[PDB]
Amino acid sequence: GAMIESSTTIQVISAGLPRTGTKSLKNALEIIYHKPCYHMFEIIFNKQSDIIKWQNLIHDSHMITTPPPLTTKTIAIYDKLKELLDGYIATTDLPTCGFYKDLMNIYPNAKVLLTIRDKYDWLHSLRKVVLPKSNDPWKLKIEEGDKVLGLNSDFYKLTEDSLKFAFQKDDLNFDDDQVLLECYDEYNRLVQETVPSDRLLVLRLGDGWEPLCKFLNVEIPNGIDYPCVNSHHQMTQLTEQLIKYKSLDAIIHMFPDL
């Protein structure tokens, strides 16, 4: 196809929850658009100063009166969300995913993606990387590796609060598998009920380029396979290597598509 000059603004809002292929999708969107896509990894590796800004936004988010129409407080919240996303062409993962409805209002010409998978596969992956149970010895390893990356209790607070925001829960028993599974199903159902079907593409793991590129009116990237990255096995290796070497920069060449 012809090469066209794309606008550097949010063009794709991904509502999929963590551990549903968000990092592969982030990489795929960057391959298509040649501009950055937001993701929790963007916070960890490039924008740790944003943690407090996202926390402030979530703290104020209960004051969002759903447009139409737009109220004054909603403008202030929407302005900070637009500021956080300046320079990006897409959003994936926490903390953004729970803001899908607000992002749809801020970027009325953006399209929405929802990545889904088997709920028990999702929970297993979540417990190995994002939310280990409080009695799991692996949790102490994750925390040791996280300190190497400079992540403190405020980072864990952001993950917890952005998950609570996505699930629309005032509190959440993070150690309760039944609660998490029910929240997962209700969240994915709600996205499909809320977003007009014309504006939504539901993606399953393994779907690859073709449905995504058709939805976005772009050519399939020539000679580039669809990304497959961020397996729990790979995250376990990363944690162990951070513990062993005590720095990101000593191991970063071992993890190419991070």
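Residue numbers here begin at 1 and follow the sequence given.
Of the other entries compared for this protein that flank it with modelled residues, all give atoms for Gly206, so not even a third lack it. Checked against the other entries of this protein, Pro67 counts as unresolved in at least one third of those spanning it. When the C-alpha B-factors of 164 to 172 and 67 to 75 are averaged, 67 to 75 comes out higher. The deposited model assigns a higher average Cα B-factor to 189 to 197 than to the other stretch when 189 to 197 and 26 to 34 are compared. Considering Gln178, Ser125, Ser153, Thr91 together, the PDB entry gives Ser153 the largest C-alpha B factor.
When all modelled residues of the chain are sorted by CA temperature factor, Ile4 is found within the lowest third. Ranked by C-alpha B-factor against the other modelled residues of its chain, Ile43 falls in the lowest third.
In this PDB entry, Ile220 carries a Cα temperature factor that places it within the highest third of its chain's modelled residues. Annotation for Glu83: C-alpha temperature factor in the highest third relative to the rest of the modelled chain, per the entry. Sort the chain's modelled residues by C-alpha temperature factor and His232 lands in the lowest third, per the entry.
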